[PDB]
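K.L.:
just the first chains of my complex for now:
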Amino acid sequence: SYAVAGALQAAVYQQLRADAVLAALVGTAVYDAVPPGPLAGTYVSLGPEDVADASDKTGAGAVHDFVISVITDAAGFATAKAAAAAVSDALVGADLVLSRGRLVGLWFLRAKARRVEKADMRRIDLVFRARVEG
Amino acid sequence: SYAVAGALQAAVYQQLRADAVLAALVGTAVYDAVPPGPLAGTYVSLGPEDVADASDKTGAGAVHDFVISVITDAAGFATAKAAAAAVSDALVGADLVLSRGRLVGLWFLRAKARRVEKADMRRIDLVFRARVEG
Amino acid sequence: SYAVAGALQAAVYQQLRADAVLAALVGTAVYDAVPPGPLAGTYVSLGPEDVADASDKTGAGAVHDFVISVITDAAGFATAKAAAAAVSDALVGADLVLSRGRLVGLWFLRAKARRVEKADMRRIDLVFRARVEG
Amino acid sequence: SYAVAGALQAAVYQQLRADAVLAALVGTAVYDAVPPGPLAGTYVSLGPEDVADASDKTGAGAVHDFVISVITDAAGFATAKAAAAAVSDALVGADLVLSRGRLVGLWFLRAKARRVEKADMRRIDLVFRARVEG
Amino acid sequence: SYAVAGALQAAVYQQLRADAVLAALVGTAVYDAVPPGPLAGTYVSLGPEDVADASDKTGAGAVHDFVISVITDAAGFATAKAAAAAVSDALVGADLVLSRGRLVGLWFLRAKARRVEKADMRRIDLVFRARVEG
Amino acid sequence: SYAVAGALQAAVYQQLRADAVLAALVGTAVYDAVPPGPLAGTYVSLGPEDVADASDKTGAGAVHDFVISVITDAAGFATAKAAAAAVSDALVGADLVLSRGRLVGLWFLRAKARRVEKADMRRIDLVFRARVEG
Amino acid sequence: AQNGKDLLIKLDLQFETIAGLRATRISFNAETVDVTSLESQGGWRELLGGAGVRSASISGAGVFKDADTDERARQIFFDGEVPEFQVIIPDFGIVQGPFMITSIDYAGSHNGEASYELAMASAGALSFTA
Amino acid sequence: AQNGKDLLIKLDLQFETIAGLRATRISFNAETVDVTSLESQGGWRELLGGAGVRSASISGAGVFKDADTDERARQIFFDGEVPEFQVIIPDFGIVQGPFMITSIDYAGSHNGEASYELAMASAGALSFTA
Amino acid sequence: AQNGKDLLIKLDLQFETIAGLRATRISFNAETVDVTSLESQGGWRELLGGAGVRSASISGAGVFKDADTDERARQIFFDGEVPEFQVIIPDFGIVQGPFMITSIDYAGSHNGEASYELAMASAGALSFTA
Amino acid sequence: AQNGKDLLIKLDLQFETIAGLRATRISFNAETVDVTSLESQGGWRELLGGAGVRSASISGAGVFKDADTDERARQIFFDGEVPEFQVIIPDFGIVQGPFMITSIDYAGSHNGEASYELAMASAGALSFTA
């Protein structure tokens, strides 16, 4: 998107699947591309960001408002909350390492939670603001 | 959603199904996941919150605007009002106990009321603001 | 919705079907639940409110913006105007009696008027603001 | 809608079909209810108002933003302009007589013009503000 | 729409099909009503205005925000740009002659450009503000 | 759109397919009109601008907010990021040469990134502000 | 709570409502005469209280509708008077003080109503009917 | 209620409307000369009323349309005069006072109309036709 | 954090909440008496600190609901007093100072509630219950 | 009515338009010297009119485009002058007065244009070409 967005999704994927919680609560089912197979059904997904172009005369940066959705096949979605709670416990104030530039603050934004389809699957989006500096 | 959201829906479910009114007006039909069977038809439902991220330098919190819908198969929906009136009598200024952090104020917000489908079923949403502190 | 909403729709239904005009202009066809039969076709309907939560530290109240629609099978909808004019003549500055709390002012708001379906039926919504005090 | 709306559509229908222009440009095809037959095809239509409730402590009034659409089966809609020009020449600053109350100013508002369906028929809405006093 | 709109579309059609550029770039394919035949496929179209009622105590005028779309069957729509560039070169600061009143300024507004259908045809709208004085 | 838009899309197409990165990351698949064949599947597309008419008394200009989308058939869309990163590395502060007038600043705006269809293809729009001077 | 329609300001001719009163507001004031001394328990500001003068001001706006009493507000301003005015709180009751007509202003646009603000201020001793 | 179009301010040349008057506003004023004394029943502010001076001010804005009377407002300002002006309330009637031309300002943008405010204030004794 | 509903301002009659308090705000102040001298390490502004006076001000607004204590705020203003007022911070505790009733204002519209602001300021020495 | 593009302010070098003029505004002023006397028919404010001084001020803003005359506005400000300026009303005609260059300001952002306001005021006797 902006130049940092190649490295940002890579590093927030690496801070995920390293937290001990959400590894005993989701498992290995944290991905962007879905591994085809049986579709385990309590995964998360980390793809849709958008940029709010916060830049400079000398240099330029980006505000990545990336969405991490939590999808859950369970009957209620109290299961999907603690998995999303372990997302938000892992990412606000992250201070991680990027491959192009660095980020300065990984804050938290709106996080809606609803039934996507036939009321069988439950989507909890979690928008995180990622002010990165190129 | 935020870390408190695992405990918030659990505690507002426990303050429900303990009020004496709405136990003689709905019964045991307060749930998130629907118990399959005959679908009694005058239930409520407590799932869709969203967060408005009110946080701090030192610590962080959340504004959960959770929706409690009231669904009713009766011909008119004066039956659905008093069940929703017993929702709102049970929750504004609740001062309940959470498992992760605590809430500081469970206020009241917009509460629309309409016919969802074929004008046979009537949905009364009730948005409650839950400023919790992690 | 809020606690007064059980008594508010009951009392605005009772001030209707007591006005002499709209009793010679609609008849007995003022309802929420439709009496099944032949569907007379020049009815009104009083169900969809929504609340705007105007409350207090000490006590709480509600702003019920309830919608009273006027439906008419006549070819033109000059017939539906005077029936809606007799709605608005009956309700603005009502000062009626409630069963839970009281209302302080039953004002008037937007009132759109259009063709709902196939341009055969004409819906005149009439939004009335009902600031009630619990 | 409001109490004046029974008399307002009646009087703006009577100022129409009395202008000499639009009588040689539309004919007798000014109506709300369509006379069934062959559908002449260069009519106008005067039904959908909405109210913006401008009222008082002592007395009450209404802001009727009524829509007069111009429909035309001609290939281009330069024919529909002069018919709509003869609408607007007939109604802005009208100072007509009502049966319930009176109006104080019949101004002019937005007037969009587009193709409704299959690009065969052309609808020119003309919103007029009618501040009436009950 | 307003009274000038009968003469405005007539005069902006006459300033079109008189520019030397867009006559060697579109041809005779500038119209409102489509001449039926083979549908040449690199036409423009001048019909949908809307009015923003800028008027007076003494006299009245209109703000016609008329849309001139450019449609093009070519594979890319660099062909449609220069035809739309020859539209905008022909109309901003036009100072033309009307039959009812006159215009005082024919400015330029938003001009979006997209694929309408199946990504085979490309529509470039061009909104021009026409402050006319009746 | 505006007069410069014939030359603007031509010059931003020429600065693309000349960058060394995105030539080893996309290839020759940068176009507006799609070359029919096998549809390689990791292309970009540069067509939909819109104008925000920033002009003058003496002279006139345009704000072209053109969209360059990145489409990618890969399973994840980390591949589509670096191709879009090579778009944004090629265009912000471009200072290129136009055929009609010149541009003064090619800034950066919002850049959303989502799954278009069946979640098989991924679209990364990149809106760039192009303040050109005619 | 009380209805907004019930609290009404009114002129004399015997008091009648001025026709268009979309928005009205009684506003009381005091200037807080400061009596600070060297010796204070915490250094907190010391105020005498009762000695300082006290005020009331009325600001009633809305649509210009001609009535017999709307023409009275023209008459009060041109021939300078201080007549009796009366703003009634819905529960509290009437006020019944002599006010003056400090600033009025009629306004109208090319598409709106004829509207006015009517701003008043206290000119004498007030009352309260309870 | 009254039409917004009916209340109109107008210059002399015999009075004609100034061409573009999208928004206009007559505004009356008084300064409330305070006459407070030691002995007051409740300590309420005491005002004399009639002795204090009184004002009127006109602010009429809209599109700059050239007329014979719009050029007159240029003539009143450059050659400093205090001619007769007349704002007519729709029911009340005309005012017919000598005002002056305290501040006018023509404004235009790259895409809008040529517009103007025309701000006036009272320069002499007013009237009322009833 | 604390509930917004818990911090409440209250009048005497023994203290009760004033009925409608949608928004309230205690506000403390100091005037920072400046004691700048020729010799300063960096030229930084020098302030004595403690000698300067200090203030408190309360601004509580909301819906006009008639209570026994809302009528008290009428009584405090007309008969000029400096009674005891009490704003309780949710954790901190009560304040319990003598304030006065510097400006109150009741307002109502043609469709809204009857509302009021109630603005207060310190008139004596304050306290803190901890 | 008139085009917004036609009314243009212009500098000398022989007068040319300053390149970017998105928004411009001539504004005339007078201070209304008050001559109130004891004997007045209704107590209406009395104004002399013509004796009071009178002003003009020009505020022209838009995009910073370098021209030969935009560099002139730099030259007028640094070397303090009062040259001749000329704002032409579309129907009225030109003004042709000596103004000065009281405040100019260039501004630019990280994504916007380079823009400027150019604020002027009258420095001598004006004219009108009719």
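P.N.:
Ah, there it is. Numbering: from 1, shown residues only, chains lettered A, B, ... in the order given.
K.L.:
confirm residue A:87 sits in a helix?
P.N.:
Yes - assigned with DSSP: H, G, I helix; E, B strand; the rest coil, residue A:87 falls within a helix.
K.L.:
my read: it touches residue A:22, true?
P.N.:
Yes - proximity of residue A:87 to residue A:22 meets the contact threshold set by CB atoms under 8 Å, at 6.7 Å. Where you see a C-beta, it was placed from the backbone N, CA and C, and this is true even at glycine.
K.L.:
I figured residue A:107 hits residue A:128, correct?
P.N.:
Yes - counting by CB under 8 Å, residue A:107 touches residue A:128, with 6.8 Å between them.
K.L.:
what touches both of these two?
P.N.:
Residues touching both residue A:107 and residue A:128 (CB atoms under 8 Å, 6 or more residues apart in numbering or on different chains) are residue A:92.
K.L.:
distance check, the nearest residue to residue G:44 once chain neighbours are set aside against residue G:119.
P.N.:
Leaving aside its sequence neighbours, residue G:44 sits nearest to residue I:125 (CB to CB, 6 or more residues apart in numbering or on different chains; 3.8 Å). Distance of residue I:125 to residue G:119, given as CB to CB, to the nearest Å: 38 Å.
K.L.:
these two: who's more crowded?
P.N.:
residue G:119 (17 against 14; other CB atoms under 10 Å in any protein chain shown).
K.L.:
hey, where'd the helices end up in chain A?
P.N.:
A:5-15, A:79-91 (DSSP state H).
K.L.:
and of those helices, who's closest to chain D?
P.N.:
helix A:5-15 (40.2 Å; CB to the nearest CB).
K.L.:
packing partners for the closest one?
P.N.:
strand A:44-46, strand A:61-72, helix A:79-91, strand A:127-133, helix F:79-91 (3 or more CB pairs under 8 Å, 6 or more residues apart in numbering or on different chains; DSSP states H and E).
K.L.:
dump those to TSV, plus distance to residue B:64 and mean neighbour count.
P.N.:
Below are these laid out as TSV (distance: least, CB to CB, whole Å; neighbours: other CB atoms under 10 Å in any protein chain shown):
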stretch	distance to residue B:64	mean neighbour count
strand A:44-46	20	21
strand A:61-72	16	23
helix A:79-91	11	23
strand A:127-133	15	20
helix F:79-91	33	23
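K.L.:
what's near enough to touch the residue lying closest to residue A:59 once chain neighbours are set aside?
P.N.:
Distance criterion CB to CB, 6+ apart; nearest residue to residue A:59, sequence neighbours excluded, is residue A:134 at 6.5 Å. Taking CB under 8 Å, 6+ apart, we find residue A:134 in contact with A:2-4, A:59-62, A:100-101.
K.L.:
next one is chain K, place it on the structure:
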Amino acid sequence: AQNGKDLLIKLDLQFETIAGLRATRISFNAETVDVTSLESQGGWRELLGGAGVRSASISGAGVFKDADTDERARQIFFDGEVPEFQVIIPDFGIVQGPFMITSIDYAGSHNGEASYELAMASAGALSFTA
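P.N.:
Putting chain K onto the chains we already have gives this:
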């Protein structure tokens, strides 16, 4: 660039963060003592520079959360002191100056949080840790 969370203002009890600090702002000031003389190269304004005094002011707002150090800000205001305060720029480092507690204000609504502004100003010589 730096994180917004890293720059923090803090009180003494040894310094701790005040609990809720949603928005904070250190602000430095100087009054620019003017030393203009007859002889100037272009007539440009001449300023001495260093002699003029210089200031710092801190404005930190957010949610009222009770901590041991939030109660300290109550203690600094009632018992008038000038203690040491410390705002740390994320890269620059800490400031460590004596400030005072010029105005604080707690505010809460019927549905919002309990919130506060905390406005401070310099009372002595500052520092910089680099």
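K.L.:
once more for the contacts of residue A:134, now including chain K?
P.N.:
The contact partners of residue A:134, taken as CB under 8 Å, 6+ apart, are A:2-4, A:59-62, A:100-101.
K.L.:
one more time with 10 Å, if that's ok
P.N.:
A:2-4, A:55-56, A:59-62, A:98, A:100-102, F:85, F:88-89, F:92 (CB atoms under 10 Å, 6 or more residues apart in numbering or on different chains).
K.L.:
and for residue 118, the neighbour number?
P.N.:
Since no chain was named, I'll use chain A. Residue A:118, neighbours per other CB under 10 Å, totals 6.
K.L.:
was after chain G, sorry
P.N.:
25.
K.L.:
distance check, the nearest residue to residue A:61 once chain neighbours are set aside against chain F.
P.N.:
In space, and not counting its chain neighbours, residue A:61 is closest to residue A:133: 4.5 Å by CB to CB, 6+ apart. Using CB to the nearest CB, to the nearest Å, residue A:133 is found at 14 Å from chain F.
K.L.:
who's in contact with residue A:133?
P.N.:
A:4, A:54-56, A:59-62, A:98, A:101-104, K:1-2.
K.L.:
find the pair from the residues you listed with maximum spatial separation.
P.N.:
Greatest spatial distance in these: A:56 and A:98, 17.6 Å, computed using CB to CB.
K.L.:
more neighbours: which of these two?
P.N.:
Using other CB under 10 Å as the criterion, residue A:56 and residue A:98 rank with residue A:98 on top: 18 against 11.
K.L.:
surely that one is in contact with residue A:7?
P.N.:
Yes - taking CB atoms under 10 Å as the definition, residue A:98 is a contact partner of residue A:7 at 4.5 Å.
K.L.:
now do the biggest strand by length in chain G: distance to the chain's middle.
P.N.:
Ranked by residue count under DSSP state E, the longest strand found in chain G is strand G:97-109. What separates the centre of strand G:97-109 from the centre of its chain is 10 Å, taken as CA atoms, centre = their mean, to the nearest Å.
K.L.:
and stretch G:43-56, by the same measure?
P.N.:
22 Å.
K.L.:
so that stretch, near chain K or not?
P.N.:
Yes - Stretch G:43-56 is in contact with chain K by CB under 10 Å from any CB of the partner chain, via G:43-44.
K.L.:
one step back: list residues touching both of residue A:98 and residue A:7?
P.N.:
By CB under 10 Å, 6+ apart, the residues touching both residue A:98 and residue A:7 are residue A:132.
K.L.:
before we move on, back to that, next helix or strand past the longest strand of chain G?
P.N.:
Downstream of strand G:97-109, the next assigned helix or strand under DSSP states H and E is strand G:114-122.
K.L.:
onto the same structure, chain L please:
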Amino acid sequence: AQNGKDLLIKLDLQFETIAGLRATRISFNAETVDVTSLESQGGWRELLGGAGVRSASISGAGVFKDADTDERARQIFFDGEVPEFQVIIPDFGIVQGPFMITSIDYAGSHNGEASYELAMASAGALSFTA
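P.N.:
The block that follows adds chain L to the chains above:
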């Protein structure tokens, strides 16, 4: 027209851009010394022009990014100096005047960047490179 990115304000250490400059604005000023006399052709305001002093002021804001020259702006303010500053218009060229550092302010929120305004004013004679 010119790029917004090209016009840049810069400090000395040899001049470098201050890191974050989202919005910047050079602003020139004059006070218009009035020389009005009895005899005037139309009574138009008479101004001397050149004698009056003249100013320049720079206001550059944006994200706080630590650089070697951003720390310089800390050094200019604490140790009071009037060093050379330089704002370059994209076509016009550089300015190169001695300014001072009248007010700077760093600000940060709980979710935003660390940001700053940097407000400057002229302290000596300016220049223009053309």
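K.L.:
please look at the contacts of residue A:133 again, because chain L has been put in.
P.N.:
A:4, A:54-56, A:59-62, A:98, A:101-104, K:1-2, L:63, L:65, L:113.
K.L.:
hmm, which of these are the buried ones?
P.N.:
Among the contacts of residue A:133, those scoring as buried are A:4, A:54-56, A:60-62, A:98, A:101-104, K:1-2, L:63, L:65, L:113 (criterion: 16 or more other CB atoms under 10 Å in any protein chain shown).
K.L.:
name the residues of stretch G:8-28 that are buried.
P.N.:
G:8-11, G:15-28.
K.L.:
check whether it contacts chain D.
P.N.:
Yes - using CB under 10 Å from any CB, stretch G:8-28 comes into contact with chain D via G:8-9, G:16-22, G:24.
K.L.:
give me the neighbour count for the closest residue to residue A:32 other than its chain neighbours.
P.N.:
Distances taken as CB to CB, 6+ apart place residue F:76 nearest to residue A:32, at 4.4 Å, with adjacent residues excluded. Look at residue F:76: counted by other CB under 10 Å, it has 17 neighbours.
K.L.:
who touches residue F:76 in this structure?
P.N.:
A:9, A:13, A:31-34, A:46-47, F:122.
K.L.:
what subset of the residues you listed is buried?
P.N.:
Using 16+ other CB under 10 Å, the buried ones in the contacts of residue F:76 are A:9, A:13, A:31-32, A:46-47, F:122.
K.L.:
farthest pair within the residues you listed?
P.N.:
A:13 and F:122 (15.8 Å).
K.L.:
so how many other residues sit close to the closest residue to residue G:129 other than its chain neighbours?
P.N.:
Spatially, and ignoring its direct neighbours in sequence, residue G:129 is nearest to residue G:93 (4.1 Å; CB to CB, 6+ apart). By the criterion of other CB under 10 Å, residue G:93 has 14 neighbours.
K.L.:
ok, now how distant is the residue nearest to residue A:32 from residue F:113?
P.N.:
12 Å.
K.L.:
quick one: common contacting residues for those two?
P.N.:
In contact with both residue F:76 and residue F:113: A:9, A:47, F:122, using CB under 10 Å, 6+ apart.
K.L.:
for these, which one is nearest residue K:48?
P.N.:
Looking across those and measuring by CB to CB, the closest to residue K:48 is residue A:9, at 55.5 Å.
K.L.:
touching, the closest one and residue A:32? I think so.
P.N.:
Yes - assessed by CB under 10 Å, residue A:9 is found in contact with residue A:32 at 7.2 Å.
K.L.:
quick check: neighbours shared by the two?
P.N.:
A:46-47, F:76-78.
K.L.:
thank you, goodbye.
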